[PDB]
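>>> Below: the sequence, then the experimentally determined structure.
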Amino acid sequence: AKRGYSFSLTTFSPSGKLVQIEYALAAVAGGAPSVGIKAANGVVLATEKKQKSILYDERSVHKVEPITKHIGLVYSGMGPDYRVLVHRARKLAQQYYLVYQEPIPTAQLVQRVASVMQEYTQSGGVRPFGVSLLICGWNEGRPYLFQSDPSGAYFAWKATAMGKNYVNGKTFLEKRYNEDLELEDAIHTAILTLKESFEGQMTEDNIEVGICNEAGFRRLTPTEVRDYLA
Amino acid sequence: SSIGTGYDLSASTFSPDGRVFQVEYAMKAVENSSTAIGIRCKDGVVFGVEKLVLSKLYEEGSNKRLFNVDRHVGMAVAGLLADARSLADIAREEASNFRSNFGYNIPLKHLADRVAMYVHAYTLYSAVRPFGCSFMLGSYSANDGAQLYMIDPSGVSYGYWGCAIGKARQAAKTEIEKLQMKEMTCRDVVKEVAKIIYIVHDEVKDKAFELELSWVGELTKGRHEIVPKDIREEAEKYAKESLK
Amino acid sequence: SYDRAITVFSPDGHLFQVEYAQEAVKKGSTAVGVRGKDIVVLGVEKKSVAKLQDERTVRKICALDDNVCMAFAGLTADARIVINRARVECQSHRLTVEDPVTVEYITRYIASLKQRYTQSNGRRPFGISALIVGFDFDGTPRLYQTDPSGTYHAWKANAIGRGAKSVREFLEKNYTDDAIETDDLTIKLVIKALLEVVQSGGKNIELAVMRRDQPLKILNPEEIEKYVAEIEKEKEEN
Amino acid sequence: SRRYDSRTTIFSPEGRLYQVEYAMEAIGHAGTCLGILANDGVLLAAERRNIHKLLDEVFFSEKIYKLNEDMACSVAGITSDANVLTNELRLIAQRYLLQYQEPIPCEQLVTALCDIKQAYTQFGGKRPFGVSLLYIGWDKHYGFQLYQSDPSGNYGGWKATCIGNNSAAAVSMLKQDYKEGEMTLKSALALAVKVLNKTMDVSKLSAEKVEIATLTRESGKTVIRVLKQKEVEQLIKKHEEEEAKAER
Amino acid sequence: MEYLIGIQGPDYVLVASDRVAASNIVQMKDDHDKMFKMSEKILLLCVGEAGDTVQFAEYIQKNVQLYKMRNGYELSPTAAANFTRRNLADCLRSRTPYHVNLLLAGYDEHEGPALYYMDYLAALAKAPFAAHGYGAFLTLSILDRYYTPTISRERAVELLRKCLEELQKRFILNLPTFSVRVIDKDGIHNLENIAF
Amino acid sequence: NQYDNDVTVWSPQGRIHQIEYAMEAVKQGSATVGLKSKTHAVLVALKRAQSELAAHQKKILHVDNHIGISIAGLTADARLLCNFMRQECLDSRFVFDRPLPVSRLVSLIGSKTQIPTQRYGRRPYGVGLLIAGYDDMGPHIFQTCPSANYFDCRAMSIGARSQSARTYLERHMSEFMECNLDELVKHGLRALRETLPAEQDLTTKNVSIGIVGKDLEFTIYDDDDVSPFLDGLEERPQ
Amino acid sequence: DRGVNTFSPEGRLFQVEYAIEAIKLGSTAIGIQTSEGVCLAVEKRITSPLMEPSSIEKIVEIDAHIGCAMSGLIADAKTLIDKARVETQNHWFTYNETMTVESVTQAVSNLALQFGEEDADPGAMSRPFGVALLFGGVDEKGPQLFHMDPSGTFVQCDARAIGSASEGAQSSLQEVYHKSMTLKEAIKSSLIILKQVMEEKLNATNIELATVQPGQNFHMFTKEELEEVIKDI
Amino acid sequence: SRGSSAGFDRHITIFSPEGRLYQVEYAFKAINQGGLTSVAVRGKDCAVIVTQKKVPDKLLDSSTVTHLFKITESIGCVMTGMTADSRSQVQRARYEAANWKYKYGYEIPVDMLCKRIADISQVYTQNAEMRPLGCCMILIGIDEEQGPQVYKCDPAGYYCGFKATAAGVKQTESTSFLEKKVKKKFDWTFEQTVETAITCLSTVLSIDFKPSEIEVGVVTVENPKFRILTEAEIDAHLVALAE
Ligand SMILES: [Cl-]
Ligand SMILES: [Cl-]
Ligand SMILES: [Cl-]
Ligand SMILES: [Cl-]
Ligand SMILES: [Cl-]
Ligand SMILES: [Cl-]
Ligand SMILES: [Cl-]
Ligand SMILES: [Cl-]
Ligand SMILES: [Cl-]
Ligand SMILES: [Cl-]
Ligand SMILES: [Cl-]
Ligand SMILES: [Cl-]
Ligand SMILES: [Cl-]
Ligand SMILES: [Cl-]
Ligand SMILES: [Cl-]
Ligand SMILES: [Cl-]
Ligand SMILES: [K+]
Ligand SMILES: [K+]
């Protein structure tokens, strides 16, 4: 028999800093790198899926996930925590669809998912999520890219990177990214930002990439990733 | 062998070397208790327990460490007796629930499996402490044969031919290995069970003792009951005289 | 739900959490009430408003019912909870029973509320003391005061907050029938005892008066400054 | 269990609440946020803390929230806690509307959220919301109004105030400049840019770094607008042109 | 079965209610008041089920009062009427509903004189004039006939007189006395009770 | 010590200190003696006064017509356990119309007393009981402790200086089975006497007796009703 | 740091022992059980001549035949007193009779150690009551006086004192008590002992005096009547 | 600054300054406290489970000492770590599998069972009141659509599919062994996979064991029924290694 703790595990330090959120930020800043780029006619999301052994089945688990027909996800941080947020995101997307009969605006999903993240910075007996989310979407004929993080704060991006070498990946994008890309160009500059932080040789098995357009959201097949890897 | 201050207060906290000390300290409580024994024979299972006389003011038969959990199932306990009784009550309810749901006597292995789940549940949380005892479960039928199981504070359960728990679990096991129990009748096993308790007993540290004995085999028609005053005293005499 | 005992006894037999709440009231703004013959008057101070701030909002005189009003000292955010709980209770006593609340009853409720917060799981005590002013239906004037512990007593005159020890001692020296004779001099008695401790200036003084049968009156910074003139004309001279 | 309890809703020996005052520190490190009350309106002006060449600018605002037909607020502190409170502010506003069929008076809406924030300091053993809020609005009782909200759950009505970074410097700057009863919205807009420029960190000021929202009463309707980039540009440059006329 | 009536003019509201407290076949009271003071300028006239009327009316009365204490100003006649409408409508699809028919008269400093009619179903309607009870069937036509939106108080009391005389002549029930009060700029004024 | 603030914390030695600390509360209470013959079960307890002006504490309590108890330790924990025992005996008579066998009632205490020793935030029962009853199996003397453990005994003593009484009974335990009731009570009194210091002996004010058996229901003799037993006394020797 | 239901190595609950200590800071109260009635007396402890005299109530009425003297944390006591008053009227409703002084005291004693943190209600007690109580009255067993403290333990007393000066007043009663004392001597003794152990002089407005005797009900003494018993110093 | 700590981050599942969960990391060390090593390998036509069966004495009923468990007709698992912790996870897995079929009407896929156990394991990682399970579940079975499957879940909540995998004390040495056997492409038959698994455990521990000393559970395309091999059948594959 059990009954949980009712007190917050995230409190204010004398400096005015919620240390557990910043400590959760450290968990994502140390995870595998991930990049998202808004590209005028679509969005691209790519991640390092280096399992660091040939024994793994590269096809079994995925890091780039669909939330609905028009929304996708990537993360940097803890895999298990991310899974919780994916499941919650998918349910929120359906809850919205059932009520309004209209694909959830990406902005509205992110707000709803970010609120779930906020809960774990104030609720009792729990630690915050050690994941930052990168959420892409297409609604009203416009591409969207959003970032959610352990704080429960959310941001809108033209392009960004997170995880290992997120600082170097960001400056690279500042110089490299220009507005009004075509989507197929964005996959290149996404894989290029990923190459900056890699360490090893890139095969279609080592990285995972998803795309979002007017036709919806899908993850690229291993054969498609190979064709961009040249 | 132990960890101070932090990692040994709660059962919801792992120690740096991957250990739950709260379970291990509860396992220490049983190691301090007097020895309980039980060995599987050809046609049943016998139990033997040394019961240390704290005061001569207590009744002969007080602090029974041999229980009837179900008509065909007997329990032998060692450790914090207060916990041992609650687990005896939990085990009773489980055997009762099984008949209510399925219509026949609980298979012993399953009874052990079920009670073990309940024990284990008290090893995961800060809200509760682990059970400070270890117990054996014995039964007999013509279908399943003679069966003997033992559960400890972690929630682990295994089958046995011979088993012992408490102070001198080691002194008992080496004496049990000597027996060809796979061929022995349960009338014979009682005599040997009685002498092993006497050998195991420390008559120079502990003051004195009583011997508790249980049945569960063909001679009892499959029902678990106490060994008669007559048969016990023959086995007690056997124990005292082959002690030389 | 949060089930931790917040307020517990110390080895010396002290309720530290309740005592800390009394430190909060001692840090509070000066509040003084005095019972007259025909009227009762409250006065509240240590206002120190930035004069960039609209002061209609930060008023420490509150009316609980038609015939009951109160002043507080300490954590002003805590006070608002107590005040509105007392306002709800004022309307419930009117629903369960025909009669309006007696001053002693509302004081007893506020006191029972504060007491409950010293012995209940999960919560800290309130950080306010109250001065409750009202009239009986028979017309006899009543003044009461409460504190974080949950105790309440009736007073002829009293002060709570910072400079309470100083103003209280003044009232003991200055509370006779010569001062209570008129309605004006009792109001003056408040202002004098008030201006005795505050960083001087009638501009920092908000005080309320209520007559036996009249609705509560909050005074014009005109009316009070007129009385601050009758003190300075009779200070250099007297 | 009690070994892990931080005891958030507890009294300190001095008679003060630690978590509340520690939350106050969080506000100081957040963006500078000012509100000024005028005769024919009221405005919010706040420092944008989300600035980057790579940010997308999807929403109308970063720190300004519309809560009501006749009310808007601005925020300083942890933005997630801010989102929780502003959504709740929008709810309380609608509940009042549903019940009485007229908009919630300004002070009342503020009071309601303050009661929730105060409850978080007394019971429940939770951390308080690390947010200070500036409310601006119009009701039929007190006209144009400005309010300040503390994480303590304490509130006050102001003619001019500021919260966040270099807050104390910004208010004493306003204390000298603010002309009581004589302030027009044009005067208050100019003062906002003046106070911000001295108070802000990066020094020159920019239309990407500041956010300004005006609340006016036009044609029997309360009009709320978040100022366009072309408008902020002219507001900064009119102060810049006056900074060049200050020498001889 | 009781009677309520309201007449709204250009700058005033005239209200009247019968003074009978009836049980089965007997008149228990000759001088019962069916008006409730909510504010200085809001009256709530209630009618219907015996135990339900006073309990409901006072609950609303005490909450309008609570609002005044909590805010230092009173509810507008509209806000009041809409509050009482919400409270009745929420009890409609419940295990215990209130069978009360009510009339809210009030004066707003901005909007002016107001008269609100409410069902036991909790449908709210603003009217220049209205009446509750079976008497309405006999009086609403008289009101329809002689009402102009610019009616003076002298003429309005005379119009109420014409309506109450009809209740004596044609209505089967015995209602000999009525409470008469006027709401305006200065508040609620008790007027000479009309007896027959 | 840090292994001794909660019942859910095991000591490295394999022990629970909070159970043992509760066991100390029993030893601090005044002595009480239980013994039985083949026909009767007798409780003899020593009443204690904090001052000479205050009366003596109740030591022996009613449970049912066939069951009685003597307490040692905390008063409230004793009263709580007494009410549980009474409720169990009531439910037994309500349902089965026959008195609850002593063995089973004690087993229920053993099960109930165990619960709080295993849950965090809870505590052990600060009382030990001596239970005298009569049923189909004849007279019974039972012993309960803060630890949920319980014992079936021929005779027992618990409380302050109960070791002296324990040794007396241990010598004369073979005597009790053929004892007449009057001889049985004197044995109980003689053991209780051993607990007292040499200066003082059993008085009519400080001795309480409870008796249940084949002849009669459980009865408590206190003051005037007690002197028949005390009179006829072999003198205190050494 | 520990929990509220923690045993000392000695064998006591810390919070209880600390609650006993809180009473040692409370004003002294005396009760005397006379064969012809019970008298209760207490010092008010006026902090200022501005405080209203009859405002402090450390002796209250529970029932027609029962009086209760209180010491320690006054705020804790009045929660317990309302509970005592509720019990008498619940019992009156159910049984159409007045409760015994023992049962009333026993009822209040049931709330004793009903405090805790975990495995408890939302409104369950966090701590004990820093109060001692003297229940004095007349039932069908003559006049009686009972004493109760936060341990829950309650016992009858022929005469008892509790408060700051407890031991001093206890010794003064010890050498001045006959179980045959008259009620005239009973009120006198309490008034004589009260002035000895106090920091302030005995005034007519300084103390509360109460009597419960077989014939007449519980009586709160009026200032004029107090001046007749303070006439015989 | 690797391996820094502050607060109660070593005791409860909250973050360290680095952003780690030490209590989760300690739970992996609890897997080795079992003192046993588990190996699983996948072929084209099968999946094979293998683990050391240590029996301290002949007093133990040898038939009751096992870390091989059946969750479903089609799905089996090998458990590594604390015995009682492992049994709880098995019971919960059976519950989840039977629960799945009641809601959805088809046999639970090996990958889906693993994810479900992982999501539950995640909860012990985020909530402070309970410790993670110091055990390791390697699942096998045949997906009607995607061929043979081998899946592993964590006390961390991590889950993945594998060509081959080890767990426990000699994990790290046996994963390196398996990598060398993977690089070279054999014909992954039933015999090849069984022996690859057996020879892996016989080299890292260096025993050359009796049939009684190990346990083998298999799953095959022709016979998707999860079967534990018993003494006589293991003995055949052991004398087949010595040819
Ligand atoms: Cl808690
Ligand atoms: Cl994962
Ligand atoms: Cl929705
Ligand atoms: Cl996809
Ligand atoms: Cl209400
Ligand atoms: Cl409450
Ligand atoms: Cl004060
Ligand atoms: Cl933030
Ligand atoms: Cl709570
Ligand atoms: Cl209201
Ligand atoms: Cl309907
Ligand atoms: Cl122990
Ligand atoms: Cl006690
Ligand atoms: Cl003892
Ligand atoms: Cl105690
Ligand atoms: Cl005391
Ligand atoms: K209906
Ligand atoms: K405890």
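Sure, I can see it. Numbers count the residues shown, from 1 in each chain, chains lettered A, B, ... in the order given. Ligands and ions are numbered 1, 2, ... in the order given.
>>> Now chain C against chain H: closest residue?
Relative to chain H, the nearest point of chain C is residue C:3 (13.8 Å; C-beta to the nearest C-beta). To be clear about C-beta, it is placed using only N, CA and C from the backbone, and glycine gets the same treatment.
>>> and the longest helix anywhere in chain A, does that touch ligand 2?
Longest helix in chain A by number of residues, with DSSP state H as the criterion: helix A:79-100. Yes - using C-beta under 5 Å from the ion, helix A:79-100 reaches ligand 2 at residue A:79.
>>> Pull out the buried positions in that helix.
Buried residues in helix A:79-100, defined by neighbour count with 16 or more other C-beta atoms under 10 Å in any protein chain shown: A:79-86, A:89-90, A:92-93, A:96.
>>> Give the next helix or strand downstream of the strand or helix carrying residue H:103.
For residue H:103, the element it lies in under DSSP states H and E is helix H:83-104. Along the chain past helix H:83-104, the next helix or strand (assigned with DSSP H and E) turns out to be helix H:110-126.
>>> Is chain D within reach of that next one?
No - Helix H:110-126 lies out of reach of chain D by C-beta under 8 Å from any C-beta of the partner chain, never closer than 14.6 Å.
>>> Tell me which helix or strand comes right after that helix.
Taking DSSP H and E, what comes next after helix H:110-126 is strand H:135-143.
>>> and the next element down the chain from that next one?
Trace forward from strand H:135-143 with DSSP H and E and the next one is strand H:147-153.
>>> Can you list the buried residues in the longest helix seen in chain B?
The longest helix of chain B (DSSP H) is helix B:81-102. Applying a neighbour-count criterion of 16+ other C-beta under 10 Å, one finds B:81-89, B:91-92, B:94-95, B:98 buried in helix B:81-102.
>>> For residue C:70, which residues are in contact?
When contacts are counted by C-beta atoms under 8 Å, 6 or more residues apart in numbering or on different chains, residue C:70 touches C:42, C:61-64, C:83, C:86, C:130-133.
>>> The chain: helices as residue ranges?
Reading this off chain A. For chain A, the helices defined by DSSP H occupy A:19-29, A:79-100, A:106-119, A:166-176, A:183-195, A:222-228.
>>> That was the other one, I meant chain B.
Using DSSP H, helices in chain B cover B:21-32, B:81-102, B:108-121, B:169-176, B:186-200, B:229-241.
>>> Out of these, which gets nearest to residue C:170?
Minimum separation from residue C:170 across these (C-beta to C-beta) falls at helix B:21-32, 63.2 Å.
>>> The residue nearest the centre of chain H and residue B:154: what is the separation?
Centroid-nearest residue in chain H: residue H:138, 2.5 Å away (criterion: C-alpha atoms, centre = their mean). For residue H:138, the distance to residue B:154 equals 22 Å [C-beta to C-beta, to the nearest Å].
>>> now residue C:62
62 Å.
>>> again, but for residue F:214
According to C-beta to C-beta, residue F:214 stands 50 Å off from residue B:154.
>>> With neighbour numbers in mind, choose between those two.
residue B:154 (22 against 12; other C-beta atoms under 10 Å in any protein chain shown).
>>> Residue of chain B nearest ligand 13, please.
Closest contact between chain B and ligand 13, by C-beta to the ion, is at residue B:82 (23.2 Å).
>>> okay but that residue is in contact with residue F:117, surely?
Yes - at 6.9 Å, residue B:82 counts as touching residue F:117 under the criterion of C-beta atoms under 8 Å.
>>> Find the residues that touch each one of the two.
Joint contacts of residue B:82 and residue F:117 (C-beta under 8 Å, 6+ apart) are F:147-148.
>>> you'd agree residue G:126 is up against residue C:15?
No - between residue G:126 and residue C:15 there is no contact under C-beta under 8 Å: 10.9 Å.
>>> residues bridging contact with these two, i.e. touching both?
C:7-8.
>>> near chain E, anything from stretch D:132-147?
Yes - applying C-beta under 8 Å from any C-beta, one finds that stretch D:132-147 is in contact with chain E at D:140-141.
>>> That stretch: which residues count as buried?
Within stretch D:132-147, the residues scored as buried using 16+ other C-beta under 10 Å are D:132-139, D:142, D:144-147.
>>> closest to chain H among these?
Relative to chain H, and with distances defined as C-beta to the nearest C-beta, the nearest of those is residue D:132, at 27.0 Å.
>>> OK, contacts around the closest one?
By C-beta under 8 Å, 6+ apart, the neighbours of residue D:132 are D:27, D:33, D:75-77, D:148-151, D:163-164.
>>> Repeat that for residue D:113.
D:85, D:88-89, D:92, D:133, D:149.
>>> if we go to 7 Å?
D:85, D:88-89, D:92, D:149 (C-beta atoms under 7 Å, 6 or more residues apart in numbering or on different chains).
>>> quick one: secondary structure of it?
helix (DSSP: H, G, I helix; E, B strand; the rest coil).
>>> Please determine how far it is located from residue D:27.
From residue D:113 to residue D:27 the distance is 16 Å (C-beta to C-beta).
>>> and if you look at residue F:57?
Residue F:57 is 60 Å from residue D:27, by C-beta to C-beta.
>>> Of these two, which one has the most company?
Legend: neighbour count by other C-beta under 10 Å for residue F:57 and residue D:27, higher for residue D:27 (23 against 20).
>>> Does the more buried one lie in a helix or a strand, and which?
helix D:18-28.
>>> for chain G, what's the longest helix?
Longest helix in chain G, counting by DSSP H: helix G:74-95.
>>> Any part of that one near chain F?
No - on the criterion C-beta under 7 Å from any C-beta of the partner chain, helix G:74-95 is out of touch with chain F, staying 14.4 Å away.
>>> So which of the contacts of residue D:132 sit within helices?
residue D:27.
>>> Out of the contacts of residue D:132, list just those in strands.
Among the contacts of residue D:132, the members falling in strands (DSSP state E) are D:33, D:75-77, D:148-149, D:163.
>>> Closest one to residue D:12 out of those residues, please.
The closest of the ones in strands among the contacts of residue D:132, once distances to residue D:12 are taken by C-beta to C-beta, is residue D:77, at 21.5 Å.
>>> State the distance from the closest one to residue H:211.
The value you get for residue D:77 to residue H:211, if C-beta to C-beta is used, is 69 Å.
>>> Around the residue of chain C closest to chain H, count how many other residues there are.
Counted with other C-beta under 10 Å, residue C:3 comes out at 20.
>>> swap in residue C:37?
With other C-beta under 10 Å as criterion, residue C:37 counts 13.
>>> Equivalent analysis for residue C:163, please.
Residue C:163, neighbours per other C-beta under 10 Å, totals 22.
>>> Not counting its neighbours along the chain, what's nearest the residue in chain H that chain G sits nearest to?
Chain G sits closest to residue H:129 of chain H, with a gap of 11.8 Å, by C-beta to the nearest C-beta. Using C-beta to C-beta, 6 or more residues apart in numbering or on different chains and skipping the chain neighbours, the partner closest in space to residue H:129 is residue A:4 (5.2 Å).
>>> Before I go, just wanted to say thanks for your time.
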